[PDB]
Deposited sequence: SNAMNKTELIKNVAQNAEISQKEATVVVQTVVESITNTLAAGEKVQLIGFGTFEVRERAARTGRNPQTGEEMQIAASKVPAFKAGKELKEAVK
């Protein structure tokens, strides 16, 4: 089935033929790196894969009927590259 964090680490250890601990260090690093880049408002390309950035948002309007005004916000965003789009289709 699916692949959680612990599953991914163990698949990286197996496939890169490094150890359980090294694999943990690398995946933890990928996670923390992207988080630290986006928190800084910056962009990060993980090539073969895609791009992570911060996407500025302004107010949509937007189930009682109501068009409440939702506030402007920064959210995270991922832009899949060509390789990822071709693997998955």
Where the deposited sequence has no C-alpha coordinates (positions from 1, in order): 1, 64-66
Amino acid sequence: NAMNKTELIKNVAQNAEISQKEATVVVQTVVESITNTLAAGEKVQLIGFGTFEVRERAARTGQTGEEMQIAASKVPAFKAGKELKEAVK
From here on, numbers count along this sequence of modelled residues.
Entry B factor averaged over C-alpha atoms, 29-37 against 53-61: higher for 53-61
From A23, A80, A77, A71, which pick has the Cα B-factor that tops the rest in the entry? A71
Ranked by Cα temperature factor within the chain, is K5 in the lowest third, the middle third or the highest third? lowest
